[PDB]
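Take a look at the structure below.
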Amino acid sequence: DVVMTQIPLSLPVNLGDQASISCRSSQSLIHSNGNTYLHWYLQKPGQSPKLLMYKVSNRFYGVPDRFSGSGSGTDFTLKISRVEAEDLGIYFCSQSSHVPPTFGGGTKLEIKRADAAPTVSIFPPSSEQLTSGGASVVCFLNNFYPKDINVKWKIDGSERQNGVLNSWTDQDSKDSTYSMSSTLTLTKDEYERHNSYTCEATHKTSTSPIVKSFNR
Amino acid sequence: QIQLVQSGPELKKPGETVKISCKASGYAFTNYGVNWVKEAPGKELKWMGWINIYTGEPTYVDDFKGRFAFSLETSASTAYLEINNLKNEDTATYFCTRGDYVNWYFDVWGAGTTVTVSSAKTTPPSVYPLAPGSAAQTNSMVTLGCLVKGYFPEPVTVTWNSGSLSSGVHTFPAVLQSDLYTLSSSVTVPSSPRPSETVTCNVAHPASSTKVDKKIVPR
Ligand SMILES: C[C@]12CC[C@@H](O)C[C@H]1CC[C@@H]1[C@@H]2CC[C@]2(C)C(=O)CC[C@@H]12
């Protein structure tokens, strides 16, 4: 498998600007008769991939005239000239120069915006999840940019690890932010054998963590 | 509309079998290859193998040999992929793509078929409310939430006040904890709308025929 690699995972881009993406191969891509089968797909959200550029530099029918291609042998690069709003999606690169065709992980165009920090909010269990046994404490680390943020769950000073399952939201199309949430799922006697519950998140914006809490 | 048009979503338990059709329309079916590509959840877009309509013999990447099989009925312009003794890792979207003989790319892609392999039985969600226990104003905006835990299958739908509140609503992706799914939604209102005005959390689970309205009551 000719490991195909692409960086960056996510490329913030102010629309109007120009984006350039790159891809690299765990072998060389000149086929055994001077042809280079490196092709790039665009996958818009919960839709299909669709050929944009083949044989390194040729543009698929209809594909808009600001897209470009270049690269030799092992480093290829796609370039978009004035990225318009509907060039946004996961750009993948593939090779069918060696058996078997392989795909690289893709790089997503994302809109850029000034930073913000998560409005965190922290919720204890409700009487009604308690009258039957579990207790899911739930923190909402809402409305932040950039995507990396990390949550830690401090339980009575100590830390907890089994119980977190986090889940992330797609870049909100109204203010380009992200949101994330972790619900610590404890049983009702794990929850009632503790008292201080604090949710904690270090995001790029504050050096200090943006902790929040309730005291059981 | 030269398209390859595929079957619908499949929900299978372990050990079962699924057969995906891919109808080609608009083009000379013998003139291309049909390739099958697997898109697995936050794994790579993976190439499964290929079918050559002139001979009729497939080719398979090692990784899907044996248990995956590709059949064909070239009179009826339909291509096929059959999965037998469905394991749990086969949950992914499988796509068929027409590849070309001169320039070797894959230019028309079907819309993909979603198989979901699981052991769960339908379960209506438990819906619980999330009100902030006198967790005072950090700054004049309360964010409440709903937590819908333990359900199968996807989907559920959350709305707040029957869709009359949507600018402050975030609903987070499902994450299955132990076969069943879990999901939460938060609304952020001004502090004078709630608790003066009510805020209700409405979740519907089409597969089980269950709609639950929860009111967020101060605490
Ligand atoms: C690269 C590879 C890869 C598989 C190998 O068996 C044949 C070669 C050459 C022809 C290609 C094929 C991939 C699938 C293609 C692109 C088709 O669908 C028709 C021509 C095919």
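Within each chain, counting starts at residue 1; across the structure tokens, chains are named A, B, ... in the order shown, with ligands numbered 1 upward in that order.
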Hey, which bits of chain B sit within 8 Å of ligand 1, and for each residue what's the closest pair of atoms and how far apart in Å (one decimal), counting only C-alpha atoms and all ligand atoms, rows by chain and increasing number, as CSV?
```
residue,atom,partner,partner_atom_place_in_ligand_line,distance
B:32,CA,ligand 1,19 (C),5.5
B:33,CA,ligand 1,18 (O),3.6
B:34,CA,ligand 1,18 (O),5.4
B:35,CA,ligand 1,18 (O),5.5
B:49,CA,ligand 1,4 (C),7.5
B:50,CA,ligand 1,14 (C),6.0
B:51,CA,ligand 1,18 (O),7.3
B:52,CA,ligand 1,19 (C),7.0
B:59,CA,ligand 1,6 (O),6.2
B:97,CA,ligand 1,18 (O),7.5
B:98,CA,ligand 1,18 (O),5.7
B:99,CA,ligand 1,18 (O),3.2
B:100,CA,ligand 1,19 (C),4.7
B:101,CA,ligand 1,20 (C),4.2
B:102,CA,ligand 1,20 (C),7.4
B:103,CA,ligand 1,16 (C),7.6
B:104,CA,ligand 1,16 (C),3.9
B:105,CA,ligand 1,16 (C),5.2
B:106,CA,ligand 1,16 (C),6.1
```
Handout entry: Distance-based interface of chain B with chain A, 7 Å, counting only C-alpha atoms, as a ChimeraX atom specification
Key = /B:44-47,61,104-105,107,109,111,128-132,172-173,175
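Between CA of residue 30 in chain A and CA of residue 74 in chain A the interatomic distance comes to 8.9 Å.
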Exercise for the section: Excluding residue 149 in chain A and any residue of its chain fewer than 5 positions from it, enumerate the residues within 9 Å of it, using only C-alpha atoms, and give them as a PyMOL selection string. Expected result: chain A and resi 118+141+144+180+201-204
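Proximity to residue 196 in chain A was assessed for A:171, A:158, A:176, A:132 counting only C-alpha atoms; the smallest distance is recorded for A:158.
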Practice task
Taking the DSSP assignment computed from this structure's backbone, write out as a PyMOL selection string all residues of range 10-187 of chain A that belong to strand (DSSP E).
Solution key: chain A and resi 10-13+19-25+38-43+51-54+58-59+67-72+75-80+90-95+102-103+107-111+119-123+134-144+149-155+158-160+164-168+178-187
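Excluding range 63-68 of chain B itself and same-chain residues fewer than 6 positions from it, the residues having an atom within 8 Å of it are residues 48, 49, 81, 82, 83, 84 and 85 of chain B, counting only C-alpha atoms.
In this model, the gap between CA of residue 42 in chain A and CA of residue 108 in chain A comes to 9.4 Å.
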Practice task
Name the closest residue to residue 69 in chain A among the candidates A:114, A:193, A:87, A:21; distances are taken between atoms, counting only C-alpha atoms.
Solution key: A:21
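In this model, the gap between CA of residue 8 in chain A and CA of residue 45 in chain A comes to 18.3 Å.
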